[PDB]
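Engineer: my_file-v2.pdb is reproduced below (PDB, C-alpha atoms).
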```pdb
ATOM      1  CA  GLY T  21     -11.757  90.873 -79.767  1.00  0.00           C
ATOM      2  CA  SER T  22     -10.995  87.777 -77.701  1.00  0.00           C
ATOM      3  CA  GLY T  23     -12.212  89.409 -74.474  1.00  0.00           C
ATOM      4  CA  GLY T  24     -15.478  90.924 -75.625  1.00  0.00           C
ATOM      5  CA  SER T  25     -17.341  92.612 -78.462  1.00  0.00           C
ATOM      6  CA  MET T  26     -17.249  96.068 -76.820  1.00  0.00           C
ATOM      7  CA  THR T  27     -14.433  98.222 -75.423  1.00  0.00           C
ATOM      8  CA  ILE T  28     -14.730 100.157 -72.167  1.00  0.00           C
ATOM      9  CA  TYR T  29     -12.135 101.899 -70.004  1.00  0.00           C
ATOM     10  CA  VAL T  30     -11.325 101.680 -66.301  1.00  0.00           C
ATOM     11  CA  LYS T  31      -9.765 104.725 -64.611  1.00  0.00           C
ATOM     12  CA  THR T  32      -7.753 104.202 -61.450  1.00  0.00           C
ATOM     13  CA  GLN T  33      -6.917 106.682 -58.723  1.00  0.00           C
ATOM     14  CA  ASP T  34      -3.319 107.037 -59.937  1.00  0.00           C
ATOM     15  CA  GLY T  35      -4.574 108.420 -63.278  1.00  0.00           C
ATOM     16  CA  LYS T  36      -3.956 105.210 -65.211  1.00  0.00           C
ATOM     17  CA  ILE T  37      -6.463 103.973 -67.771  1.00  0.00           C
ATOM     18  CA  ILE T  38      -7.076 100.259 -68.409  1.00  0.00           C
ATOM     19  CA  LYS T  39      -8.685  99.120 -71.661  1.00  0.00           C
ATOM     20  CA  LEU T  40     -11.170  96.298 -71.167  1.00  0.00           C
ATOM     21  CA  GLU T  41     -12.999  94.189 -73.729  1.00  0.00           C
ATOM     22  CA  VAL T  42     -16.458  93.226 -72.462  1.00  0.00           C
ATOM     23  CA  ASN T  43     -19.941  92.225 -73.590  1.00  0.00           C
ATOM     24  CA  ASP T  44     -23.264  93.849 -72.684  1.00  0.00           C
ATOM     25  CA  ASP T  45     -24.342  90.665 -70.915  1.00  0.00           C
ATOM     26  CA  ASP T  46     -21.251  90.516 -68.669  1.00  0.00           C
ATOM     27  CA  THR T  47     -22.085  90.772 -64.998  1.00  0.00           C
ATOM     28  CA  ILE T  48     -20.275  93.332 -62.923  1.00  0.00           C
ATOM     29  CA  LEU T  49     -18.587  90.424 -61.117  1.00  0.00           C
ATOM     30  CA  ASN T  50     -17.367  89.134 -64.498  1.00  0.00           C
ATOM     31  CA  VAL T  51     -16.015  92.617 -65.260  1.00  0.00           C
ATOM     32  CA  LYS T  52     -14.197  92.647 -61.915  1.00  0.00           C
ATOM     33  CA  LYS T  53     -12.662  89.258 -62.763  1.00  0.00           C
ATOM     34  CA  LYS T  54     -11.423  90.726 -66.063  1.00  0.00           C
ATOM     35  CA  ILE T  55      -9.949  93.626 -64.091  1.00  0.00           C
ATOM     36  CA  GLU T  56      -8.286  91.146 -61.731  1.00  0.00           C
ATOM     37  CA  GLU T  57      -6.616  89.504 -64.705  1.00  0.00           C
ATOM     38  CA  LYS T  58      -5.210  92.903 -65.688  1.00  0.00           C
ATOM     39  CA  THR T  59      -4.279  94.185 -62.190  1.00  0.00           C
ATOM     40  CA  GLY T  60      -4.004  91.414 -59.579  1.00  0.00           C
ATOM     41  CA  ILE T  61      -6.734  93.096 -57.528  1.00  0.00           C
ATOM     42  CA  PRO T  62      -9.177  90.458 -56.174  1.00  0.00           C
ATOM     43  CA  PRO T  63     -12.766  91.123 -57.281  1.00  0.00           C
ATOM     44  CA  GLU T  64     -14.000  91.423 -53.701  1.00  0.00           C
ATOM     45  CA  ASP T  65     -11.499  94.315 -53.267  1.00  0.00           C
ATOM     46  CA  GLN T  66     -12.936  96.297 -56.219  1.00  0.00           C
ATOM     47  CA  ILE T  67     -15.605  98.998 -56.208  1.00  0.00           C
ATOM     48  CA  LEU T  68     -16.691 100.065 -59.695  1.00  0.00           C
ATOM     49  CA  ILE T  69     -18.471 103.389 -60.207  1.00  0.00           C
ATOM     50  CA  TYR T  70     -20.254 104.689 -63.297  1.00  0.00           C
ATOM     51  CA  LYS T  71     -21.502 108.287 -63.284  1.00  0.00           C
ATOM     52  CA  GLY T  72     -21.466 108.302 -59.487  1.00  0.00           C
ATOM     53  CA  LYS T  73     -23.323 105.000 -59.025  1.00  0.00           C
ATOM     54  CA  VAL T  74     -21.648 102.008 -57.346  1.00  0.00           C
ATOM     55  CA  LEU T  75     -22.198  98.963 -59.580  1.00  0.00           C
ATOM     56  CA  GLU T  76     -23.688  95.739 -58.175  1.00  0.00           C
ATOM     57  CA  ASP T  77     -21.979  92.396 -58.838  1.00  0.00           C
ATOM     58  CA  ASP T  78     -25.047  90.479 -60.004  1.00  0.00           C
ATOM     59  CA  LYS T  79     -26.251  93.115 -62.501  1.00  0.00           C
ATOM     60  CA  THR T  80     -24.912  93.409 -66.043  1.00  0.00           C
ATOM     61  CA  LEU T  81     -23.333  96.196 -68.063  1.00  0.00           C
ATOM     62  CA  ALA T  82     -26.586  96.367 -70.026  1.00  0.00           C
ATOM     63  CA  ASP T  83     -28.495  97.046 -66.795  1.00  0.00           C
ATOM     64  CA  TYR T  84     -26.492 100.285 -66.374  1.00  0.00           C
ATOM     65  CA  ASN T  85     -26.578 101.249 -70.075  1.00  0.00           C
ATOM     66  CA  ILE T  86     -22.772 101.051 -70.122  1.00  0.00           C
ATOM     67  CA  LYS T  87     -21.701 101.294 -73.757  1.00  0.00           C
ATOM     68  CA  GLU T  88     -18.708 101.459 -76.077  1.00  0.00           C
ATOM     69  CA  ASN T  89     -15.874 103.708 -74.878  1.00  0.00           C
ATOM     70  CA  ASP T  90     -17.484 104.538 -71.515  1.00  0.00           C
ATOM     71  CA  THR T  91     -15.284 104.931 -68.436  1.00  0.00           C
ATOM     72  CA  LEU T  92     -15.785 103.160 -65.119  1.00  0.00           C
ATOM     73  CA  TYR T  93     -13.889 104.307 -62.039  1.00  0.00           C
ATOM     74  CA  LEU T  94     -12.117 101.629 -60.027  1.00  0.00           C
ATOM     75  CA  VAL T  95     -11.664 102.254 -56.303  1.00  0.00           C
ATOM     76  CA  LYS T  96      -9.945  99.659 -54.152  1.00  0.00           C
ATOM     77  CA  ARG T  97     -12.004  98.732 -51.086  1.00  0.00           C
ATOM     78  CA  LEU T  98      -9.017  98.508 -48.736  1.00  0.00           C
ATOM     79  CA  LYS T  99      -6.542 101.367 -48.534  1.00  0.00           C
ATOM     80  CA  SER T 100      -3.424 100.250 -50.376  1.00  0.00           C
ATOM     81  CA  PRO T 101       0.239 100.735 -49.287  1.00  0.00           C
TER      82      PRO T 101
END
```
What do you get writing this file as C-alpha cells?
Structural biologist:
Amino acid sequence: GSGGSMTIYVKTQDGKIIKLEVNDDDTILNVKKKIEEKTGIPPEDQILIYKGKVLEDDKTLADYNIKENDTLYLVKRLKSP
C-alpha cells in the first residue's frame, strides 16, 4: 500500500503490535521515522531488534533479510514514565 510494498510488525514492551508498510530498500532510520509517525517516539529514542540483533540506522531491511510478516521489537532508549 501507500507506505510500502511489504508488511512487517513492530512489537512493543506493553504487548502491542504495530503494522508497518515498508520496502526492502528502506533504511532502518526510515523505518524508525515510519514508527515515529505511528507512535510519536523520536527516531533517536528507538532501538529496533530483529532476532536478538540491534539494527543499525544506515543499513536497510534487505541487509538483515527482514521479510514479509516478520516482527521487529521496539525498545525505547530512555526509560518512559
Engineer: Exactly which residues make up the result of the PyMOL selection byres ((chain T and resi 77) around 7) on this file, given as an MDAnalysis selection string?
Structural biologist: chainID T and resid 47:49 75:76 78:79
Engineer: Quick check on the file I pasted: which residues fall under the PyMOL selection byres ((chain T and resi 28) around 8)? Write them as a VMD selection string.
Structural biologist: chain T and resid 26 to 27 29 to 30 39 to 42 87 to 92
Engineer: Identify all residues satisfying the PyMOL selection byres ((chain T and resi 55) around 12) in the given file; provide them as a PDB file with C-alpha atoms, in the coordinates of the input.
Structural biologist:
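The new file expr-v1.pdb reads:
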```pdb
ATOM      1  CA  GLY T  23     -12.212  89.409 -74.474  1.00  0.00           C
ATOM      2  CA  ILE T  28     -14.730 100.157 -72.167  1.00  0.00           C
ATOM      3  CA  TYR T  29     -12.135 101.899 -70.004  1.00  0.00           C
ATOM      4  CA  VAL T  30     -11.325 101.680 -66.301  1.00  0.00           C
ATOM      5  CA  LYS T  31      -9.765 104.725 -64.611  1.00  0.00           C
ATOM      6  CA  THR T  32      -7.753 104.202 -61.450  1.00  0.00           C
ATOM      7  CA  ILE T  37      -6.463 103.973 -67.771  1.00  0.00           C
ATOM      8  CA  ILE T  38      -7.076 100.259 -68.409  1.00  0.00           C
ATOM      9  CA  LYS T  39      -8.685  99.120 -71.661  1.00  0.00           C
ATOM     10  CA  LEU T  40     -11.170  96.298 -71.167  1.00  0.00           C
ATOM     11  CA  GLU T  41     -12.999  94.189 -73.729  1.00  0.00           C
ATOM     12  CA  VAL T  42     -16.458  93.226 -72.462  1.00  0.00           C
ATOM     13  CA  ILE T  48     -20.275  93.332 -62.923  1.00  0.00           C
ATOM     14  CA  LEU T  49     -18.587  90.424 -61.117  1.00  0.00           C
ATOM     15  CA  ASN T  50     -17.367  89.134 -64.498  1.00  0.00           C
ATOM     16  CA  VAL T  51     -16.015  92.617 -65.260  1.00  0.00           C
ATOM     17  CA  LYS T  52     -14.197  92.647 -61.915  1.00  0.00           C
ATOM     18  CA  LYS T  53     -12.662  89.258 -62.763  1.00  0.00           C
ATOM     19  CA  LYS T  54     -11.423  90.726 -66.063  1.00  0.00           C
ATOM     20  CA  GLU T  56      -8.286  91.146 -61.731  1.00  0.00           C
ATOM     21  CA  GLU T  57      -6.616  89.504 -64.705  1.00  0.00           C
ATOM     22  CA  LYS T  58      -5.210  92.903 -65.688  1.00  0.00           C
ATOM     23  CA  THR T  59      -4.279  94.185 -62.190  1.00  0.00           C
ATOM     24  CA  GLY T  60      -4.004  91.414 -59.579  1.00  0.00           C
ATOM     25  CA  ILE T  61      -6.734  93.096 -57.528  1.00  0.00           C
ATOM     26  CA  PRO T  62      -9.177  90.458 -56.174  1.00  0.00           C
ATOM     27  CA  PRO T  63     -12.766  91.123 -57.281  1.00  0.00           C
ATOM     28  CA  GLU T  64     -14.000  91.423 -53.701  1.00  0.00           C
ATOM     29  CA  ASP T  65     -11.499  94.315 -53.267  1.00  0.00           C
ATOM     30  CA  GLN T  66     -12.936  96.297 -56.219  1.00  0.00           C
ATOM     31  CA  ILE T  67     -15.605  98.998 -56.208  1.00  0.00           C
ATOM     32  CA  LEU T  68     -16.691 100.065 -59.695  1.00  0.00           C
ATOM     33  CA  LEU T  92     -15.785 103.160 -65.119  1.00  0.00           C
ATOM     34  CA  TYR T  93     -13.889 104.307 -62.039  1.00  0.00           C
ATOM     35  CA  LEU T  94     -12.117 101.629 -60.027  1.00  0.00           C
ATOM     36  CA  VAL T  95     -11.664 102.254 -56.303  1.00  0.00           C
ATOM     37  CA  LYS T  96      -9.945  99.659 -54.152  1.00  0.00           C
TER      38      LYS T  96
END
```
Engineer: Could you tell me how far atom CA of residue 74 of chain T sits from atom CA of residue 35 of chain T, in Å to one decimal place?
Structural biologist: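 Separation of atom CA of residue 35 of chain T and atom CA of residue 74 of chain T: 19.2 Å.
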Engineer: Atom CA of residue 71 of chain T to atom CA of residue 100 of chain T: how many Å, to one decimal?
Structural biologist: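 Interatomic distance, atom CA of residue 71 of chain T to atom CA of residue 100 of chain T: 23.6 Å.
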Engineer: So what do you get for atom CA of residue 82 of chain T versus atom CA of residue 69 of chain T, distance-wise?
Structural biologist: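 According to the coordinates, atom CA of residue 82 of chain T and atom CA of residue 69 of chain T are separated by 14.5 Å.
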Engineer: How would segment 79-101 of chain T read, as a PDB file, in the coordinates of the input, once N, CA and C atoms are built in?
Structural biologist:
```pdb
ATOM      1  N   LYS T  79     -25.668  92.433 -61.359  1.00  0.00           N
ATOM      2  CA  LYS T  79     -26.251  93.115 -62.501  1.00  0.00           C
ATOM      3  C   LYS T  79     -25.249  93.115 -63.655  1.00  0.00           C
ATOM      4  N   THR T  80     -25.731  93.456 -64.839  1.00  0.00           N
ATOM      5  CA  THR T  80     -24.912  93.409 -66.043  1.00  0.00           C
ATOM      6  C   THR T  80     -24.600  94.811 -66.537  1.00  0.00           C
ATOM      7  N   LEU T  81     -23.610  94.901 -67.431  1.00  0.00           N
ATOM      8  CA  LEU T  81     -23.333  96.196 -68.063  1.00  0.00           C
ATOM      9  C   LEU T  81     -24.577  96.767 -68.737  1.00  0.00           C
ATOM     10  N   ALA T  82     -25.370  95.905 -69.361  1.00  0.00           N
ATOM     11  CA  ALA T  82     -26.586  96.367 -70.026  1.00  0.00           C
ATOM     12  C   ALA T  82     -27.552  96.997 -69.039  1.00  0.00           C
ATOM     13  N   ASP T  83     -27.592  96.488 -67.802  1.00  0.00           N
ATOM     14  CA  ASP T  83     -28.495  97.046 -66.795  1.00  0.00           C
ATOM     15  C   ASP T  83     -28.177  98.497 -66.472  1.00  0.00           C
ATOM     16  N   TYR T  84     -26.931  98.926 -66.658  1.00  0.00           N
ATOM     17  CA  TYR T  84     -26.492 100.285 -66.374  1.00  0.00           C
ATOM     18  C   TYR T  84     -26.337 101.111 -67.638  1.00  0.00           C
ATOM     19  N   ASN T  85     -26.721 100.566 -68.783  1.00  0.00           N
ATOM     20  CA  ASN T  85     -26.578 101.249 -70.075  1.00  0.00           C
ATOM     21  C   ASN T  85     -25.123 101.632 -70.356  1.00  0.00           C
ATOM     22  N   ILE T  86     -24.192 100.797 -69.910  1.00  0.00           N
ATOM     23  CA  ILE T  86     -22.772 101.051 -70.122  1.00  0.00           C
ATOM     24  C   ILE T  86     -22.411 100.565 -71.513  1.00  0.00           C
ATOM     25  N   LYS T  87     -21.863 101.468 -72.325  1.00  0.00           N
ATOM     26  CA  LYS T  87     -21.701 101.294 -73.757  1.00  0.00           C
ATOM     27  C   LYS T  87     -20.261 101.539 -74.185  1.00  0.00           C
ATOM     28  N   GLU T  88     -20.037 101.363 -75.491  1.00  0.00           N
ATOM     29  CA  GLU T  88     -18.708 101.459 -76.077  1.00  0.00           C
ATOM     30  C   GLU T  88     -18.036 102.761 -75.680  1.00  0.00           C
ATOM     31  N   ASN T  89     -16.790 102.634 -75.249  1.00  0.00           N
ATOM     32  CA  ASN T  89     -15.874 103.708 -74.878  1.00  0.00           C
ATOM     33  C   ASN T  89     -16.236 104.435 -73.587  1.00  0.00           C
ATOM     34  N   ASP T  90     -17.192 103.938 -72.810  1.00  0.00           N
ATOM     35  CA  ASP T  90     -17.484 104.538 -71.515  1.00  0.00           C
ATOM     36  C   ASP T  90     -16.361 104.237 -70.522  1.00  0.00           C
ATOM     37  N   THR T  91     -16.277 105.075 -69.494  1.00  0.00           N
ATOM     38  CA  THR T  91     -15.284 104.931 -68.436  1.00  0.00           C
ATOM     39  C   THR T  91     -15.962 104.564 -67.119  1.00  0.00           C
ATOM     40  N   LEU T  92     -15.453 103.527 -66.486  1.00  0.00           N
ATOM     41  CA  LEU T  92     -15.785 103.160 -65.119  1.00  0.00           C
ATOM     42  C   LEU T  92     -14.625 103.593 -64.236  1.00  0.00           C
ATOM     43  N   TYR T  93     -14.929 103.976 -63.010  1.00  0.00           N
ATOM     44  CA  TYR T  93     -13.889 104.307 -62.039  1.00  0.00           C
ATOM     45  C   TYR T  93     -13.698 103.141 -61.095  1.00  0.00           C
ATOM     46  N   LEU T  94     -12.460 102.697 -60.956  1.00  0.00           N
ATOM     47  CA  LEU T  94     -12.117 101.629 -60.027  1.00  0.00           C
ATOM     48  C   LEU T  94     -11.567 102.223 -58.738  1.00  0.00           C
ATOM     49  N   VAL T  95     -12.158 101.849 -57.615  1.00  0.00           N
ATOM     50  CA  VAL T  95     -11.664 102.254 -56.303  1.00  0.00           C
ATOM     51  C   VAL T  95     -11.413 100.987 -55.503  1.00  0.00           C
ATOM     52  N   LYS T  96     -10.209 100.844 -54.959  1.00  0.00           N
ATOM     53  CA  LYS T  96      -9.945  99.659 -54.152  1.00  0.00           C
ATOM     54  C   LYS T  96     -10.693  99.775 -52.830  1.00  0.00           C
ATOM     55  N   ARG T  97     -11.271  98.659 -52.353  1.00  0.00           N
ATOM     56  CA  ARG T  97     -12.004  98.732 -51.086  1.00  0.00           C
ATOM     57  C   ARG T  97     -11.102  99.038 -49.919  1.00  0.00           C
ATOM     58  N   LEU T  98      -9.945  98.370 -49.848  1.00  0.00           N
ATOM     59  CA  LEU T  98      -9.017  98.508 -48.736  1.00  0.00           C
ATOM     60  C   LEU T  98      -7.958  99.507 -49.162  1.00  0.00           C
ATOM     61  N   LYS T  99      -7.658 100.460 -48.279  1.00  0.00           N
ATOM     62  CA  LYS T  99      -6.542 101.367 -48.534  1.00  0.00           C
ATOM     63  C   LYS T  99      -5.306 100.551 -48.866  1.00  0.00           C
ATOM     64  N   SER T 100      -4.636 100.931 -49.963  1.00  0.00           N
ATOM     65  CA  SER T 100      -3.424 100.250 -50.376  1.00  0.00           C
ATOM     66  C   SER T 100      -2.180 100.962 -49.864  1.00  0.00           C
ATOM     67  N   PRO T 101      -1.084 100.216 -49.656  1.00  0.00           N
ATOM     68  CA  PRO T 101       0.239 100.735 -49.287  1.00  0.00           C
ATOM     69  C   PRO T 101       0.811 101.655 -50.363  1.00  0.00           C
TER      70      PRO T 101
END
```
